[PDB]
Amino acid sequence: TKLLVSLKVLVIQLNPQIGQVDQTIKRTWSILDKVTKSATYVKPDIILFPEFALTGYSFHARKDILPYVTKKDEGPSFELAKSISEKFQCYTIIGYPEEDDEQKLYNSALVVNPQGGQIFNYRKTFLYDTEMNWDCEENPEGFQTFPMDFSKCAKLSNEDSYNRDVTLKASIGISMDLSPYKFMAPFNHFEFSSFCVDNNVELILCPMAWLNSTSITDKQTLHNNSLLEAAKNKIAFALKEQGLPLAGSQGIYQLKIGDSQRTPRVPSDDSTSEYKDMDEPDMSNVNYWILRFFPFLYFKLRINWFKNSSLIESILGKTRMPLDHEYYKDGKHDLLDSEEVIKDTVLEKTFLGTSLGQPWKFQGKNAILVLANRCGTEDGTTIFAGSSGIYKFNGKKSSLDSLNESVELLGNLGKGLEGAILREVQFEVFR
């Protein structure tokens, strides 16, 4: 049975700096106030914050992050999310540095329900170089899904109001989760987006601290003090030229609340990566994010792949996580050469978006992608891309970027300003 759904999605984009937790919280409440006073404000069903939203990101040592870590149900990030959730009667998702009882540290995203109860805590699964500075752990469960109960958000297709409840299957992916494992795995594994398609995820939520490519990332540059000083001067000039302090913009809010302005489809060019025009999205990254969700995108060649059975071995051979991942370090552990039957789960598996039974498993389905990316700069070396946005994969029957009309760009914030975007998102699920 087809169920129509309407979700009001609010994304908050922040520029948190290390040691400014109280200030960032105050700016957060200021943003939310301005959101409610907007002409086309409507109450959100879900509010999403970035990765490490209140604390800043670039911690260089375990000692430096320890004053900001919290248990999953204590501390400033949890209390903030609970207060927001109670005052807006919504789900609230926020990224925060976590410590558990056994003194292990994670990069995490907690979920609070409209009653102020914590229903989920997701830990980052693919780690970035920065996480290794402070002894961050990989999520031992690997990628995960969870139910979200939405009240009064659904209807049958002939009904005239959204008066039914719906439980959506959701998944959280934190920034690097979207990348090939350790940047070393094959690009076309698309591990996270394949997992979401495999598990029929409907709502994809991504707190991120994702870089603009003006950032200094070259390893030989970072470890040669002469090259590093020169590189740092280049970034300083780029910020100064934009009339920005080195840390980037704070406290000047771009608000796109309830409008229906869509983001223009643009292919990536040698201009699209420049850190200029702070109120416009970084389309080099928008196109790249869309590409990392390739299994959700229409692609003509899949019919040939399916007809020639070119991917059957890739599909059968694929494991749940990379073999060297934390997932298999405790607990978890050839169908063609066996008398074991083919289970339903194997028929749900995909590679490059193709399954054993269909050229394109996602065809005819809907999914919503919500990306909350931080903005600003850290260490004089690292420029975050901002450009938080909401996307709809419509499953309708080419290009590997925003020109592909099987994805809908429902709206983005700019690459460099703090702010908020609210969109009503309409899509269908099957029950």
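All residue numbers refer to positions in the sequence shown, first residue = 1.
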query	finding
Other entries modelling both neighbours but not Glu86, at least a third	no
No coordinates for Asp330 in a third or more of the other PDB entries	yes
Unresolved deposited residues in the interval that joins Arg62 and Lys63	none
Missing from the model but present in the deposited sequence, between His333 and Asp334	4 to 9
Greater mean Cα temperature factor according to the PDB record, 289-297 or 139-147	139-147
Of 149-157 and 88-96, the one with larger mean CA B-factor	149-157
Top Cα B factor in the deposited entry, candidates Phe190, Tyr128, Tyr275, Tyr162	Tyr162
Most elevated Cα B-factor in the entry, residues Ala53, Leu369, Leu48, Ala39	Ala39
Assigned third (lowest, middle, highest) for the C-alpha B factor of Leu211	lowest
Cα B factor band for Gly173 (lowest, middle or highest third within the chain)	lowest
Chain-relative CA temperature factor third for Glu405	middle
Among modelled residues of the same chain, the CA temperature factor third for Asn233	middle
Entry-reported Cα temperature factor of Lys396, expressed as the chain third it lands in	highest
